[PDB]
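> Provided hereafter are the protein sequence and its experimental coordinates.
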Amino acid sequence: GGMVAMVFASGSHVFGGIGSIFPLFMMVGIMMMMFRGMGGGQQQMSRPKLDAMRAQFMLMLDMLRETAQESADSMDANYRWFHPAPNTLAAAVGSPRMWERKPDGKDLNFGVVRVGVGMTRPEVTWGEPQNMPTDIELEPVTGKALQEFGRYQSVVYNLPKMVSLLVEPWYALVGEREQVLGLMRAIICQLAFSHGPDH
Amino acid sequence: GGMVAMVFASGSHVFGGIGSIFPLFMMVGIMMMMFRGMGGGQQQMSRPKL
Amino acid sequence: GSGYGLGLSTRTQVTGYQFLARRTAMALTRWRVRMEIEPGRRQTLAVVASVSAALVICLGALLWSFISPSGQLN
Amino acid sequence: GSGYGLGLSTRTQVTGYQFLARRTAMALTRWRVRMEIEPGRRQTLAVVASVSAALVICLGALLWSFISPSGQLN
Amino acid sequence: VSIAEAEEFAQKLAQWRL
Amino acid sequence: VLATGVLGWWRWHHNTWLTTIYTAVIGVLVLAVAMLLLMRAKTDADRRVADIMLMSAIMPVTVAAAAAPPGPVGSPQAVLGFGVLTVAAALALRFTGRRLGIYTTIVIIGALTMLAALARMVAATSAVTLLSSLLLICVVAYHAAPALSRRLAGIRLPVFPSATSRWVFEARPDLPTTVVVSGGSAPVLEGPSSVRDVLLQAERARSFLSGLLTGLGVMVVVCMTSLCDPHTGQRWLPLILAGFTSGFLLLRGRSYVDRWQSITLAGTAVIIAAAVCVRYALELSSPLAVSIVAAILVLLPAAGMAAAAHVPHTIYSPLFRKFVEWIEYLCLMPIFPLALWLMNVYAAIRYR
Amino acid sequence: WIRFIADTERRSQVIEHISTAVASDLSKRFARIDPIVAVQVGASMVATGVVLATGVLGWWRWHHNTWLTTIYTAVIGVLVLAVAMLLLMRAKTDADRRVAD
Amino acid sequence: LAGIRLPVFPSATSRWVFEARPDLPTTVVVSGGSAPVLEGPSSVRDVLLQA
C-alpha cells in the first residue's frame, strides 16, 4: 500500500483505471500464500497421504469381503442338498435321496421340515477391532465403510427356513384357508419324501 | 517486476533511494515465505541411495 | 431421516467426498477399482495448467500496452 | 498376463529397468559386474555437459542479435 | 402346492415299498 | 420426414408463410397417434413402435416453429428450432425412460447450438469466435463427462458424521423385497431395496456416457473442420490446432474399456483428419495439392492397422510406456494458448 | 418335445460399498474391447480411406482428364490386392477371412 | 540387436509363489551321436547363443 500511495502522491496517476489490476492480483496472491495452513515435518498429515491410507484401507477390506462370499457359497449348496424345493421332489422319487433321514442321534436333520425361504446368520464369527478410536477420533470415510459392512455382511439372504416337530406340542396356522392348507400340503409331501412310514 | 517497470515507462522515476527501499525490502518478504513453505526434511531417501 | 438436508460440515468431510467421487468416477470407465495410479487427477491438472498459461501470456500483452502504446504518433 | 501391451507404469519401475540396463551394458564390455565404480554414467554425463555448453553460446549469440541488430542473406 | 400337484407327487410315491 | 424436407426446401427459396402453417397440423396428427400408441402399448414390441412414432413427431414440430419467423432465414429461426428440439427431447426422455442414448445426443447438440445462434442474434461477433468457444467448452466437457453421467443416473454418495453416534454392529438387518413374473406368478424374494436399485442405475450411467461422448464427438468435428482455411494468412496455425486436438482424443481413447465407447473416441479422432483433407482439395484445386492429399488419405489409416495388429503381441520396457503417456499431457497443454491466438485476443489488448 | 429343466434356486448376492458394487455388476453385462475386434476396425478404416481417395481422384478428371488420375489409381489397386493375397493364404479362422474379404 | 530381453516386472497383480512345479528340461539330438541328451530349460539355454 505504501508503494501505490507514493506513486499516486508523486503525480504519476499510471495505476488509475485498469492498471490497478496489477496491485489487485498481487494482493490476492499474497493472501493465499499466508492462508495455506499448517504443513510441517511432524505435521505430515495431508491429502496425499490420507488418501493413500484411505486407499490402502478400502483395498484390504475387499479381500475380507471375498473371504465371506467364498464361505457363503459353501452354505447355499449344502442346505439345498439337504432340503430341496417341493416341486423338485416329484422327479427325485426314484433317486436314493428319498427316505434318507435317520433317527439315530447323529442325524441332526431328523424332525426338521423345510417351510420356505428367508434370512439366516452365517457360520462366520467376526472379531471386534482392537484399539477402536472414540467417536470424535474416527475418520469419517472408514467409519461408515466398516459400519455398513457389518450390517449387510452379517446375514445371508434367500436361504431355506425350517420348523421342528420336536420343539412344540402344537403349531397354530393362522391365516386364510388357502395359505394354511397350501403350506400343510407342502409339509405333508416333504415329510413323506424324506421320512419313511417306519418313522 | 511488472508493477515497478510500468512506472518507469510513465517517467515519474519515483524509485531510487527513498522509493526503492519499499520494493527492495518487499522482495525479501516473498522469498521468506517460500522458505517456510519448504519446511521439514531429514528423511534421507534418494536415487543414488536406492 | 439422517444425512438429509443442509446441515453443517467440516474440512475432513470435503476431502472424504472427493475421495469417493474419484473412486466411483474411475469405476464407470475402467470397471476396476485397484487405482494403483490415479490418472483422473493428472488429466485434470493438465487442463488447469493450460488455462493458467493462457492468462499469463494475456497479462504480458497488457504489460506491453503501457510500456509502448500506439498513441505516440506524429 | 506376461505384461503385454502399453500399460501405465510407476516411477519406481523406471529406475529399476534403467539400472538393470546399465549393469548389463557393463558385462558386454568388461565381462564382470562388481562395479566398484560406475564409469558408464560418469562418461555419459560429460557428453551432456558439452552439448549444454554449446547451447549456452548460441543463446549468447541470439542475445547479441537483439543488442546490436544487423543482417546477412539467409 | 395344489391338490393336483400333491396327488401327482402322492401317486409317484405310492409305487414304492421297503 | 420427407414431407418436412420439401417444405423446408420451399421455405429456403420462398418467403411465404405456407411451410410453417401447413406443417403444424402434420405434427399434431402424428403426435396424437403416438399418444394413442403410448396409452395402448404394453409389450416391448409395442414400445419399439411407440418409440419410433414419438421420435417421428418431434421432427415436424421443430421445423414448424423454426419456420415461424418472417423474412430471410437466419439466426432467429435456428434459436427457436433448436430450442424446442432440446425441450422436446428432454421432456420425452424424462417421462419415457427409454432410448436414453439418441435423445441425450439430441439434447447436447440442441443446447450447444442454441447458445451459439443466440450470441449471433444478440451480437454480431464472428463465426471463428463462436466456433472456437464451442471447441474449448467441449474440451472441458470431455473431462466432466464421467461426472455428469454420475449425477444424471442418480448415484448418491452418502457422507455424515455417523449420525453423531457410535457404530451399532448388532443392528437388525434390512428386510428383503418380493417380486413376481407375468408367467411365473409365484413370488420370490431377491434382496434389499437399497442394493438392488444400484444395478439399474449402473446401466443407465453407461447409457448416458455413451450418448454424451457421441454428442461431443459430433460438435468437435464440425467445429475443427470449419476453423481451418486454405486462404487465410498463417494457414498452419489453425491446422496444427487440429493435430493436437486429434492426438489428445486418440490417446484419450485408451482410458475407456467399453467396446463402442473406445471405438467412438478413435473414430472421432480419425474422422476429424479425413474431413479436413477433403476441404483442402476442393478449394485451391491444383495438381500438387490433390496428389499429396490422396496419399495422406490412404496411408494414415494404413499405418493404424499396422499398429493395431503388432502392439498387442509385443513387450515394452517401462521407459517407453512412460513416454507414450506423457504425449497426452503435452498435447493438452497448448490447446488454450493456441485457441486465444486464433481468436486475436493478444493483438486486441496489445493495441488497446 | 419332452425335456428336463434344472433348478435355478440359489442364494442372493449383495455388495454394499457403491464403487465396488458398480464395477462388479457392470463388468458382467458388457464386453470389453479386444485385439480381435481391433484388427477389424483397422481393416474397415483403410477400406473407407481408399474409397475416399478414388472419389477425389475421380472428381479431378472432370477438370483435367490427364494421365495422372489413371496412373495414380493403378498402383493403389496393386498394393491392396497384393496384401489381400498374403492374408488369404495366411488366414486360419473366419475372423481372419472377414479381414481378408 | 542380439535379442537380449530384460526380465518382465510383475506389476503388482499377483502374490509370490516360492515353489511352483519347476520348468521341464529340454532334449537334444544329433545324427551321428544318435543318442539323445537333455541339458536344461529353454529360458536359460538360449543365453549361451545370444551372448
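Nice, I can see it. Numbering: from 1, shown residues only, chains lettered A, B, ... in the order given.

> so the helix or strand where residue F:348 lies, near chain C or not?
Counting by DSSP states H and E, the element that carries residue F:348 is helix F:345-350. Yes. On the criterion Cβ under 8 Å from any Cβ of the partner chain, helix F:345-350 is in touch with chain C at F:345, F:346, F:349, F:350. C-beta coordinates here come from the backbone N, C-alpha and C atoms, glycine included.

> where's the last one relative to residue C:58, distance?
Applying Cβ to Cβ, to the nearest Å, one obtains 10 Å for the distance of residue F:350 from residue C:58.

> before we move on, what SS does the closest residue to chain D within chain A have?
Nearest residue of chain A to chain D, counting by Cβ to the nearest Cβ: residue A:52, 13.5 Å away. What DSSP: H, G, I helix; E, B strand; the rest coil gives for residue A:52 is helix.

> next: the one 5 residues further on.
Following three-state DSSP, we place residue A:57 in the helix state.

> leaving out sequence neighbours, find the closest residue to it.
Among residues not flanking residue A:57 along the chain, residue A:142 sits closest, at 5.4 Å (Cβ to Cβ, 6 or more residues apart in numbering or on different chains).

> likewise residue G:63?
Residue G:63 sits nearest to residue F:285 (Cβ to Cβ, 6+ apart), 7.1 Å away.

> which SSE is that neighbour in?
Element membership of residue F:285, judged by DSSP H and E, is empty: it is in no helix or strand.

> how many residues are close by it?
13 (other Cβ atoms under 10 Å in any protein chain shown).

> check which helix or strand the spatially most central residue of chain C maps to.
What sits nearest the mean C-alpha location of chain C, by Cα atoms, centre = their mean, is residue C:48, with 5.1 Å. According to DSSP H and E, residue C:48 maps onto helix C:39-67.

> for that helix, name the packing helices and strands.
Judged by 3 or more Cβ pairs under 8 Å, 6 or more residues apart in numbering or on different chains; DSSP states H and E, helix C:39-67 is in contact with helix B:2-10, helix C:11-30, helix F:127-152, helix F:318-332, helix F:335-342, helix F:345-350.

> so the shortest one, near chain A or not?
Put plainly, it is helix F:345-350. No. Interface with chain A: helix F:345-350 contributes nothing (Cβ under 8 Å from any Cβ), its closest point being 10.0 Å away.

> only the buried residues of that helix, if you could.
For helix F:345-350, a neighbour-count test (16 or more other Cβ atoms under 10 Å in any protein chain shown) marks F:345, F:346, F:349, F:350 as buried.

> who wins for proximity to residue G:77 among the helices and strands packed on helix C:39-67?
Among those, helix F:318-332 comes nearest to residue G:77, with 34.8 Å by Cβ to Cβ.

> for the closest one, give me every contacting residue.
Helix F:318-332 is contacted by residues C:42-43, C:46-47, C:50, D:6-9, D:11, D:13-14, D:16-18, F:244, F:247-248, F:251-252, H:9 when judged by Cβ atoms under 8 Å, 6 or more residues apart in numbering or on different chains.

> just the buried subset of the residues you listed, please.
C:43, C:46, C:47, C:50, D:9, D:13, D:17, F:244, F:247, F:248, F:251, F:252.

> what angle separates the helix holding residue C:48 from helix B:2-10?
20 degrees (axes from the mean of the first three to the mean of the last three Cα atoms, to 10 degrees).

> mind listing what's buried in helix C:39-67?
C:40, C:43, C:46, C:47, C:50, C:54, C:58, C:61, C:62, C:63, C:65, C:66.

> by how many degrees do that helix and helix C:11-30 diverge?
Angle of helix C:39-67 versus helix C:11-30, following the same axes, to 10 degrees, is 110 degrees.

> helices of the stretch 201-350 of chain F, residue ranges please.
F:236-252, F:259-282, F:287-310, F:318-332, F:335-342, F:345-350 (DSSP state H, counting those that start in this stretch).

> residue G:83 is nearest to which of those?
helix F:287-310 (9.4 Å).

> which residues does that closest one contact?
F:270, F:273-274, F:277, F:280-281, G:35, G:38-39, G:41-43, G:45-46, G:48-50, G:52-53, G:56-57, G:60, G:64, G:68, G:72, G:76.

> 6 Å instead, please
When contacts are defined by Cβ atoms under 6 Å, 6 or more residues apart in numbering or on different chains, helix F:287-310 is touched by residues F:277, F:281, G:38-39, G:42, G:45-46, G:49-50, G:52-53, G:57, G:60.

> could you find the closest non-adjacent residue to residue G:95?
In space, residue G:95 is closest to residue G:36, 5.8 Å off (Cβ to Cβ, 6+ apart).

> now that neighbour: phi and psi?
Dihedral pair for residue G:36: phi -60, psi -50, per degrees, to the nearest 10.

> give me the nearest residue to whichever residue of the stretch 51-200 of chain F sits closest to chain H, chain neighbours excluded.
Proximity of the stretch 51-200 of chain F to chain H (Cβ to the nearest Cβ) peaks at residue F:146, 23.9 Å away. Nearest residue to residue F:146, sequence neighbours excluded (Cβ to Cβ, 6+ apart): residue C:25, at 4.7 Å.

> mind checking which of the contacts of helix F:287-310 are in helices?
Counting by DSSP state H, the members of these that fall within helices are F:277, F:281, G:38-39, G:42, G:45-46, G:49-50, G:52-53, G:57, G:60.

> identify the farthest-apart pair in these.
Comparing every pair within these by Cβ to Cβ identifies G:38 and G:60 as the most remote, at 34.1 Å.

> burial count for the residue of chain A closest to chain D?
Neighbours around residue A:52, by other Cβ under 10 Å: 11.

> kindly report the same for residue G:18.
Close neighbours of residue G:18, defined as other Cβ under 10 Å, add up to 21.

> quick one: residues contacting it.
By Cβ under 6 Å, 6+ apart, no residues touch residue G:18.

> tell me the spacing between it and residue F:194.
From residue G:18 to residue F:194 the distance is 10 Å (Cβ to Cβ).

> swap in residue F:58?
Taken as Cβ to Cβ, the span from residue F:58 to residue F:194 is 37 Å.

> residue F:104 now?
27 Å.

> over to residue C:34?
For residue C:34, the distance to residue F:194 - Cβ to Cβ - is 26 Å.

> OK, now which residue of chain C is nearest to chain E?
Residue nearest to chain E within chain C (Cβ to the nearest Cβ): residue C:1, separated by 41.6 Å.

> hang on, the earlier thing: redo the buried ones among the contacts of helix F:318-332 as a markdown table? Include distance to residue G:10.
As requested, these are exported to a markdown table (distance: Cβ to Cβ, whole Å):
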| residue | distance to residue G:10 |
| --- | --- |
| C:43 | 42 |
| C:46 | 47 |
| C:47 | 47 |
| C:50 | 52 |
| D:9 | 41 |
| D:13 | 43 |
| D:17 | 47 |
| F:244 | 53 |
| F:247 | 49 |
| F:248 | 47 |
| F:251 | 44 |
| F:252 | 41 |
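
> just give me the closest of the residues you listed to residue G:90.
Set against residue G:90, the nearest of those by Cβ to Cβ is residue F:251 (30.9 Å).

> skipping adjacent residues, who's closest to the closest one in space?
Going by Cβ to Cβ, 6+ apart, residue F:251 has residue F:328 as its nearest residue, at 4.4 Å.

> enumerate the residues of chain F near chain B.
Applying the criterion Cβ under 6 Å from any Cβ of the partner chain, no portion of chain F neighbours chain B.
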